[PDB]
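Q:
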Amino acid sequence: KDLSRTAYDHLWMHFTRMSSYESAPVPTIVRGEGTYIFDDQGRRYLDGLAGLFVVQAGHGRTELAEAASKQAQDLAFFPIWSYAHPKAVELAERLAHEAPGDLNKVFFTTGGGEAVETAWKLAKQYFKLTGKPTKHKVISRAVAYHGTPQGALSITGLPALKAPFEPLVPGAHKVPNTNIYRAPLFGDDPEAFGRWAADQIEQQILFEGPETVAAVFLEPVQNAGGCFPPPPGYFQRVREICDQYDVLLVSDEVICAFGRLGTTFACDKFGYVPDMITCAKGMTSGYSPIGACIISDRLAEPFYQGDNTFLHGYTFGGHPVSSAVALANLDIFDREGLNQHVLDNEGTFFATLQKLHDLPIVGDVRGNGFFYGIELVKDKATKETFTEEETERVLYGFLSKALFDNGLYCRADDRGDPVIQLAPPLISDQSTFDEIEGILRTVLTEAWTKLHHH
Amino acid sequence: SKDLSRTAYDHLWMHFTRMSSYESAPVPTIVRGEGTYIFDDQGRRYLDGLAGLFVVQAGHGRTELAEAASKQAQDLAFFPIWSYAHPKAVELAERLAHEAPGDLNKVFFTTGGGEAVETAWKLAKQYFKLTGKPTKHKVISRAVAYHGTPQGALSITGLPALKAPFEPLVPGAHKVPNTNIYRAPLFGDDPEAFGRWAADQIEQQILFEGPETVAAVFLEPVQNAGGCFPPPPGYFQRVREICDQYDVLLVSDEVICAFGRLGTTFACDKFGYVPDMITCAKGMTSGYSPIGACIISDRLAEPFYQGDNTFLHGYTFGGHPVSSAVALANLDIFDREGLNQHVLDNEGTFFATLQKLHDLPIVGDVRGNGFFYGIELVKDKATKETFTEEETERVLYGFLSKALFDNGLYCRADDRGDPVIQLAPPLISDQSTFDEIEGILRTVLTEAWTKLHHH
Ligand SMILES: Cc1ncc(COP(=O)(O)O)c(CNc2cccc(C(=O)O)c2)c1O
Ligand SMILES: Cc1ncc(COP(=O)(O)O)c(CNc2cccc(C(=O)O)c2)c1O
Ligand SMILES: [Ca+2]
Ligand SMILES: [Ca+2]
Ligand SMILES: [Cl-]
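Going down the list, the sequences are from chains A and B.
Per the numbering used here, residue 352 is the first one in the first sequence, and the count goes up by one each step.
Per the numbering used here, residue 35 is the first one in the second sequence, and the count goes up by one each step.
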């Protein structure tokens, strides 16, 4: 088992340092039940990230497995290319019903990067069809991750993910994120900080020329950097800026949609209506690949006239089996009231994690719904962060291994500053939150002993 | 007649000019200059309040520069500096290197400023390839700044109206705020804090794009477009520190500011910073023969001067013998007449003379440095309320532009940023020149205020 090398010899894992497995076993997950996963040695771990911000309803759902086999037996695949099949139609209508405003057109994909590509392409062709052909640029936030195909990667704001692959698609420009914990200005004033951070988008539009800007892409709660919720008033101001300058607002809800924040579409949690939503991940609780770009009827109008066509598509978009699974997943959400469960429990989950503020290594606890980041520090009074050496030895060398070994699968990361991130299945309850807090308390107390002076 | 003459409209495509203006009206035609004055084709005289186009530092009608040109043209008017030298280019390269700060000792001649900007960005890209940092290619510059029109320099230009018809341009250019403290969103009442903030926006953009991907920052010493923004105290020192920290090259774009405009040969010395490269053109010859240069640190030249490496870049007419001889003769005027020190000795009274216009209601700001000033016009100075688009069209372009010229002052009236009148007269200007400028502006700006409110 330990000397088995099948994965190292053939499976090129995603965003993974493969040399780690030349002489050591690859951690292999074989089974899930509810909020737990099991490895190939029969060890059990709490699935603190719902796989990869995906498994909303929990593992082991026979209802979803049976929905897949029932549809696969009848019609597993037919393309939605000048043809429809019933489950894609039903799901498009259902998503349209749930989406706000006139977001009534559903362009299905398999993944979230594919949906982000769809949104930027749609914006470009929309502006060509409506006589504004210079509109093509896109604005997004520093540190944000929007996916990996080269268009989406241009919108991604993590230079380490981009430098080996440049040049990418022209036209992407970055603005500050809303990390109030480290705000250079207005850190003590959320409303003023929100207005400032939104106005940075207006400034970038002005710097590049509004007639050349097509769209702004924003996650409702920013993932990379550690769960930055939107300041009060932020999205309202962004919506106003986008309206003023004729720029489209894309709510990138690949993590946030499907109940992560307690609503089907996360824009509704914050009271804004975007022009498009990108989504994927939790639409099926991950049980079968599918996602979508959901699009305002205003944007669809020119494409629905005469001999015009949105020249875009994916073989597997709107897949019958995935569509059937998605509908079965939304049926679970409705019958079990998962969205309201998250709204009803977000306050106690946050409060439970905030108990960790009595530990010296904990600098911040932040997030919304069932999505939280805990930022680690050398000194909470000055917010002194880890050195690079401390990040390598303590965050990755010690903490990441110790969390898993103590029974908690979650994310330890330093895309921004050192953070532990949590996004468990939406069936999690107080017992789950207590289990998480207890393992974090053990391991974070141990981690503090490995920091020098601190 | 002259008035019905359409030769220019029919054949001369003027630069940045709305040509339909001349379908049915004559083109203003300048035929002669003397000192700080120019004369049109009817013999009317105007004060050359822009030195042509921020160029004619020594004044018009310099026989010494005319004779320098003919003397060189008779002996050798052209031979390329391509694997060959000719004496006047060598002598001028040595002279400019002597005047430039630090180890800025290598002179890559061009004919214009845009050509020099292109040189600087290309040199930065190849330098980082030769030194094993191949991902470094991006460039940072300021909103509203004008860095020229070839498509690489145009990417560095920060005026979207100049760029949108021509995109996509060269990838890699990113913008940061300019240092217009008059309209600063933050720190408007604190120059030092504003300077630190504005410099730190450069660090932020480097971090946003990834420092290993960023090659250079391009900054004018005093920003022209937007109306003569001088650097806040401490700004360039902080920029230099950021560039050092992130291994990014600093390019001082001195196409306007060099050759005495701010009282020094190289304008980076006015503000006490040493860039990695200087771009320059314009005043090198007082405009009497086209030439410019990118002047480059020996640190940057080092890899290119080793073995079989070549900076694969050039221009036929760069380092032109006649232009080089004229530049040397122009620098001789500067030395004998002490033009640099004259500007330093007169900049305070020029500024204070223009500041007399602050008692006019239409005047919101007077700003600049050396012999380079902007006067910003406003609807309400207490609130800094700017002109509406309609007010700009009627008062700035409809009335002011014409009235300035007709009252004897050639200068720039512009709204690339907000509505400003800019001044950059020849360096031989003195208090009499400044008084003349102030008097014509007072007349026309009093009239402009009345027109602003006659709607
Ligand atoms: C906001 C956002 N947009 C686009 C994507 C791309 O989705 P696909 O992967 O389906 O193409 C994402 C994906 N988000 C994601 C994926 C993998 C890891 C992590 C992490 O932060 O650890 C985050 C995302 O979070
Ligand atoms: C800072 C700067 N950089 C580059 C150039 C390009 O130089 P060439 O023109 O020689 O290619 C300039 C030129 N600057 C310039 C040229 C023409 C008009 C105006 C105006 O502001 O009215 C300014 C300049 O000011
Ligand atoms: Ca809808
Ligand atoms: Ca030198
Ligand atoms: Cl240790």
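For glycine and all other residues, C-beta sits at the position ideal for the given N, C-alpha and C.
Look at B:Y407 and B:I72 and say whether their C-beta atoms are less than 8 Å apart.
A: No; because the gap between Cβ atoms is not below 8 Å, this pair is not in contact.
Q: Any heavy atom of ligand 5 closer than 7 Å to the CB of B:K197?
A: No; taking the cut-off as 7 Å, the Cβ of B:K197 has no heavy atom of ligand 5 nearer than that.
Q: CB A:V728 to CB A:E739, shorter than 8 Å?
A: No, the Cβ-Cβ distance between A:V728 and A:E739 is not below 8 Å.
Q: Which residue wins for smallest C-alpha separation from residue 812 of chain A, given the options A:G385, A:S355 and A:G399?
A: Residue 812 of chain A is absent from the structure shown; chain A starts at 352 and stops at 805.
Q: Would you kindly report the start and end of the unbroken beta strand (DSSP E) that includes A:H524?
A: Run containing A:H524: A523 to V526, per the beta strand (DSSP E) assignment.
Q: Taking any Cβ of chain A, which residues in the segment 239 to 257 of chain B have a Cβ under 9 Å from it, in chain order?
A: Under the 9 Å Cβ criterion, the segment 239 to 257 of chain B contributes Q239, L241, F242, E243, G244, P245, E246 and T247.
Q: So A:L536 contacts chain B; which residues on that side make the cut at Cβ distance below 8 Å?
A: Result: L220.
Q: Just how far apart, CA to CA, sit B:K167 and B:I330?
A: Answer to the nearest angstrom: the Cα atoms are 19 Å apart.
Q: Strictly below 8 Å CB to CB, what residues from chain A border B:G192?
A: The answer, in chain order, is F558.
Q: In the DSSP assignment, the beta strand (DSSP E) including A:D764 goes from what residue to what residue?
A: Taken as a continuous stretch (DSSP letters only), the beta strand (DSSP E) holding A:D764 covers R762 to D764.
Q: Per DSSP, which residues does A:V605 bridge with? Please list them.
A: Partner(s): none; A:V605 has no beta bridge.
Q: Quick test of your reading: B:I215 and B:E254, contact by CB under 8 Å. State the CB separation rounded to the nearest angstrom.
A: With a Cβ gap of about 16 Å, B:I215 and B:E254 do not count as contacting.
Q: Measure the C-alpha to C-alpha separation of B:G93 and A:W471 and round it to an integer number of angstroms.
A: Whole-angstrom Cα-Cα distance: 54 Å.
Q: Put B:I276 into one of helix, strand or coil per three-state DSSP.
A: In this structure, B:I276 counts as helix in the three-state DSSP scheme.
Q: Let me confirm a value: A:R611 is counted as buried when at least 16 other C-beta atoms fall within 10 Å, else exposed. Which label applies?
A: Flag for A:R611 reads buried.
Q: Does any residue of chain C bring its CB to less than 8 Å from the CB of B:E226?
A: Here chain C cannot be found, since the structure's protein chains are A and B.
Q: With respect to the alpha helix (DSSP H) encompassing A:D390, which residues constitute its N-terminal and C-terminal limits?
A: Unbroken run through A:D390 is the beta strand (DSSP E), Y387 to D390; no alpha helix (DSSP H).
Q: Who are the near neighbours of B:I396 in its chain, counting only those whose CB is closer than 6 Å to its CB and skipping five residues on each side?
A: Correct list, in chain order: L411, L479, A482 and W483.
Q: Is A:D619 near ligand 3, judged by its Cβ being under 7 Å from some heavy atom?
A: Outside the cutoff, so no.
Q: Are the beta-carbon atoms of B:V89 and B:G261 separated by less than 8 Å?
A: No, they are not a contact pair.
Q: Could you check which residue in B:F113, B:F142 and B:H489 has the C-alpha nearest to that of B:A315?
A: Ranking B:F113, B:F142 and B:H489 by Cα distance to B:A315 puts B:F142 first.
Q: Near B:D74, which residues of its chain fall below 8 Å by C-beta distance, leaving aside the five closest residues on each side in sequence?
A: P62, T63, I64, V65 and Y80.
Q: State yes or no: is the C-beta of B:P255 nearer than 7 Å to some heavy atom of ligand 3?
A: B:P255: no, Cβ never under 7 Å from ligand 3.
Q: Can you give the beta carbon distance from A:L442 to A:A677, rounded, assuming they're within the 8 Å contact cut?
A: About 5 Å; that satisfies the 8 Å criterion.
Q: Run the CB neighbour count on A:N696, radius 10 Å, all protein chains shown included, and call it buried at 16 or more, exposed below.
A: Buried, because 16 or more other Cβ atoms sit within 10 Å of the Cβ of A:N696.
Q: Under a Cβ-count criterion, where at least 16 other Cβ atoms within 10 Å of its own Cβ denotes burial, should B:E427 be classed as buried or exposed?
A: It counts as exposed.
Q: Closest by CA to B:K485, which one among B:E425, B:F439 and B:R476?
A: The shortest C-alpha separation from B:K485 is found at B:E425.
Q: Taking B:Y161 as the reference, which of B:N343, B:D448 and B:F439 has the closest Cα?
A: Looking at the Cα atoms, B:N343 is the closest of the given residues.
Q: Tell me the residue span of the beta strand (DSSP E) that contains B:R66.
A: Residues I64 to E68.
Q: Taking A:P518 as the query, report the chain B residues whose CB atoms sit under 7 Å from its CB, ordered along the chain.
A: Per Cβ cutoff of 7 Å: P205.
Q: How would you call B:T145, buried or exposed, if buried means at least 16 neighbouring beta carbons within 10 angstroms?
A: It counts as buried.
Q: Please list the partners that A:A514 has in chain B, where partner means a Cβ-to-Cβ separation under 7 Å.
A: Simply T169, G244, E246 and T247.
Q: In chain B, what lies closer than 8 Å to A:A511 by C-beta?
A: Under the 8 Å cutoff, chain B gives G244.
Q: Are there 16 or more other CB atoms within 10 angstroms of the CB of B:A195, so buried, or fewer, so exposed?
A: B:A195 is exposed by the Cβ-count criterion.
Q: Provide the residue span of the alpha helix (DSSP H) that contains A:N680, from first to last.
A: Start and end: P671 to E687.
Q: Since A:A763 contacts A:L750 with CB under 8 Å, what's their CB separation in whole angstroms?
A: 5 Å between Cβ atoms; contact.
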